[PDB]
Amino acid sequence: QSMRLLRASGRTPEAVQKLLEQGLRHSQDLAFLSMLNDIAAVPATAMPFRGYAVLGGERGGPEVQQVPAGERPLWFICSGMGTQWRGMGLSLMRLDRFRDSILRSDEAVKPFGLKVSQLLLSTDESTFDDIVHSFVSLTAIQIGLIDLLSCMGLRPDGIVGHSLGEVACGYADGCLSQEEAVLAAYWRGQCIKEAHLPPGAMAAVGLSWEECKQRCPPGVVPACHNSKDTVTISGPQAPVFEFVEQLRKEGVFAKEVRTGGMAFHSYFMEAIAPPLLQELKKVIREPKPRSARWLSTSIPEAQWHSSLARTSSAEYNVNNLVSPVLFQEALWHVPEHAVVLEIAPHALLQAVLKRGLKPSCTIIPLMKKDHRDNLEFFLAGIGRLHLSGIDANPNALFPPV
């Protein structure tokens with residue numbers, strides 16, 4: 001239970017180490033650690049060294065570091081599909097704001113006969129093989145994460161989504177409510193499940209976008225633009241498996257990706273638009289406008305001045321499903337010293353993000369697939385916010401003293 005994050009500030013590295021140690025020696029005094037956390041909110045100007053330690057737990061050990069002058073912008077990246085795993089979010093369930101958010105999500109899905117929390121609890125290995133189970137639970141876990149962030153008063157300067165991640169983005173941007181956001185994830189999944197489409201596949205491929213366009217066999221299209229030389233292509237299964245073989249053989253990095261036989265973000269999805277648009281029309285009534293913080297990955301830049309782009313409509317959401325994921329192009333806009341948080345039940349984009357951004361950007365993941373303890377991992381990440389100059393007091397995550 002008692003595991004807490006202790007953040008420290010000071011004029012020297014030693015000033016910070018001494019603090020981290022006093023807290024370690026009073027690990028069980030919550031009122032004490034609460035007080036030490038309130039203190040750490042001191043500008044780098046005044047105290048240029050910062051540190052953190054996760055008290056309790058295995059990979060507990062201090063990080064200390066000089067904090068740069070300059071203001072650093074905070075960006076949220078909401079990851080897309082593939083990030084599911086059995087036992088997702090069970091460790092974070094210990095934080096009340098998280099489990100409150102997940103129960104609130106269960107309520108959105110009481111009809112339809114699903115409880116997100118029970119999906120998470122399932123010891124059934126194949127529970128997230130179901131597209132609805134996954135979609136809903138990704139987005140619910142993303143909302144939880146966003147709630148934990150907001151509960152420490154962290155407002156994003158920028159927001160960016162990847163496929164289904166763009167649902168979570170709406171929540172983070174204040175376009176879509178929790179209930180709308182979750183239901184959008186539900187219908188997206190349920191519409192597909194019902195559709196019984198032909199067998200498709202997607203593959204990660206070490207070509208550029210234009211090079212894929214040229215080189216891709218008919219019926220196979222570049223789908224997910226993740227970096228200058230990482231495109232996920234999508235199409236009917238056979239050609240996608242054949243194209244990857246061709247590529248492997250010629251020395252190109254070309255990993256297959258499990259998407260449950262589905263050829264996402266391609267023409268294969270157009271059969272799913274009419275039903276989905278009908279359902280989401282009833283869900284997202286009175287569509288609220290997307291802020292300028294939220295860069296679209298479903299709509300090209302040169303048409304951001306657009307009615308479709310103007311709001312997080314049922315229309316915008318259907319467009320996401322059917323259109324390619326223009327992720328690299330959105331990252332291009334992320335400024336030089338950004339602090340970037342991957343908001344996902346598993347930080348799958350970390351590698352892509354490193355490549356698509358620079359040794360100035362700090363990239364922080366929040367959960368890891370099959371981690372012994374994702375509360376430890378989450379808190380270490382929040383600790384790194386301190387180290388990079390962001391004021392995020394963990395006292396909010398925990399019961400008061």
# chains A, B, ... in the order shown; residues from 1 in each chain; ligands from 1
>>> select_by_dssp(residues="range 163-357 of chain A", states="strand (DSSP E)", output="JSON, numbers by chain")
{"A": [200, 201, 202, 203, 204, 205, 221, 222, 223, 224, 225, 226, 227, 230, 231, 232, 233, 234, 235, 236, 256, 257, 294, 295, 325, 326, 339, 340, 341, 342, 343]}
>>> residues_around(residues="residue 257 in chain A", least_positions_apart="3", cutoff="7 Å", atoms="only C-alpha atoms", output="number ranges by chain")
A: 202-204
>>> closest_residue(among="A:217, A:87, A:161, A:359", to="residue 326 in chain A", atoms="only C-alpha atoms")
A:161
>>> select_by_dssp(residues="range 28-260 of chain A", states="helix (DSSP H, G or I)", output="number ranges by chain")
A: 30-39, 92-94, 96-108, 116-121, 127-129, 131-150, 165-173, 178-195, 209-215, 237-249
>>> closest_residue(among="A:276, A:379, A:138, A:322", to="residue 364 in chain A", atoms="only C-alpha atoms")
A:379
>>> residues_around(residues="residue 300 in chain A", least_positions_apart="3", cutoff="12 Å", atoms="only C-alpha atoms", output="PyMOL selection string")
chain A and resi 295-297+303-306+308-309+319-320+323-330
>>> write_last_selection(atoms="N, CA and C atoms", output="CSV table (one decimal), in the first residue's frame")
chain,number,residue,atom,x,y,z
A,295,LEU,N,-3.1,18.3,-32.3
A,295,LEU,CA,-2.8,18.1,-33.7
A,295,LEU,C,-3.3,16.7,-34.2
A,296,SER,N,-4.1,16.8,-35.3
A,296,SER,CA,-4.7,15.6,-35.8
A,296,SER,C,-3.8,14.7,-36.6
A,297,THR,N,-3.9,13.4,-36.4
A,297,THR,CA,-3.2,12.4,-37.1
A,297,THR,C,-4.1,11.8,-38.2
A,303,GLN,N,-5.3,20.8,-44.5
A,303,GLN,CA,-6.8,20.9,-44.3
A,303,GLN,C,-7.2,20.8,-42.8
A,304,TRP,N,-6.5,21.5,-42.0
A,304,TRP,CA,-6.8,21.5,-40.5
A,304,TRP,C,-7.9,22.6,-40.3
A,305,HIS,N,-7.8,23.7,-41.1
A,305,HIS,CA,-8.8,24.6,-41.4
A,305,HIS,C,-10.0,23.9,-42.1
A,306,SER,N,-10.8,23.1,-41.4
A,306,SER,CA,-11.7,22.2,-42.0
A,306,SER,C,-12.9,22.0,-41.1
A,308,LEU,N,-14.6,19.1,-40.9
A,308,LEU,CA,-14.3,17.8,-40.3
A,308,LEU,C,-13.3,18.0,-39.1
A,309,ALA,N,-12.2,18.7,-39.4
A,309,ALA,CA,-11.2,19.0,-38.4
A,309,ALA,C,-11.6,19.9,-37.3
A,319,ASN,N,-13.7,9.1,-39.8
A,319,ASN,CA,-12.6,9.5,-40.6
A,319,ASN,C,-11.2,8.9,-40.1
A,320,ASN,N,-11.0,8.9,-38.8
A,320,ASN,CA,-9.8,8.3,-38.2
A,320,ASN,C,-9.7,6.8,-38.6
A,323,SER,N,-9.0,6.5,-42.5
A,323,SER,CA,-7.9,7.2,-43.0
A,323,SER,C,-6.5,6.7,-42.4
A,324,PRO,N,-5.4,7.0,-43.1
A,324,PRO,CA,-4.1,6.6,-42.5
A,324,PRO,C,-3.8,7.4,-41.3
A,325,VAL,N,-2.8,6.9,-40.5
A,325,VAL,CA,-2.4,7.6,-39.3
A,325,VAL,C,-1.1,8.4,-39.6
A,326,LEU,N,-1.4,9.7,-39.8
A,326,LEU,CA,-0.3,10.7,-40.1
A,326,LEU,C,0.4,11.1,-38.8
A,327,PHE,N,1.2,10.2,-38.2
A,327,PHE,CA,1.7,10.4,-36.9
A,327,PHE,C,3.1,11.2,-37.0
A,328,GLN,N,4.0,10.7,-37.9
A,328,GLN,CA,5.2,11.4,-38.1
A,328,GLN,C,5.0,12.9,-38.3
A,329,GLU,N,4.1,13.2,-39.2
A,329,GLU,CA,3.8,14.6,-39.6
A,329,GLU,C,3.4,15.5,-38.4
A,330,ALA,N,2.7,14.9,-37.5
A,330,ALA,CA,2.2,15.6,-36.3
A,330,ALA,C,3.5,15.8,-35.3
>>> residues_around(residues="range 27-30 of chain A", least_positions_apart="5", cutoff="10 Å", atoms="only C-alpha atoms", output="JSON, numbers by chain")
{"A": [2, 3, 4, 5, 6, 21, 22, 35, 36, 54, 55, 56, 395, 398, 399, 400, 401]}
>>> residues_around(residues="residue 207 in chain A", least_positions_apart="2", cutoff="7 Å", atoms="only C-alpha atoms", output="list in words")
residues 205, 209, 211, 212, 229, 230 and 231 of chain A
>>> closest_atom_pairs(of="range 75-134 of chain A", to="range 170-177 of chain A", cutoff="12 Å", atoms="only C-alpha atoms", output="JSON lines")
{"residue": "A:75", "atom": "CA", "partner": "A:172", "partner_atom": "CA", "distance": 10.9}
{"residue": "A:76", "atom": "CA", "partner": "A:172", "partner_atom": "CA", "distance": 8.4}
{"residue": "A:77", "atom": "CA", "partner": "A:172", "partner_atom": "CA", "distance": 10.2}
{"residue": "A:78", "atom": "CA", "partner": "A:172", "partner_atom": "CA", "distance": 9.4}
{"residue": "A:101", "atom": "CA", "partner": "A:177", "partner_atom": "CA", "distance": 11.9}
{"residue": "A:104", "atom": "CA", "partner": "A:177", "partner_atom": "CA", "distance": 11.3}
{"residue": "A:105", "atom": "CA", "partner": "A:177", "partner_atom": "CA", "distance": 10.7}
{"residue": "A:108", "atom": "CA", "partner": "A:177", "partner_atom": "CA", "distance": 10.8}
>>> closest_residue(among="A:151, A:247, A:92, A:262", to="residue 234 in chain A", atoms="only C-alpha atoms")
A:262
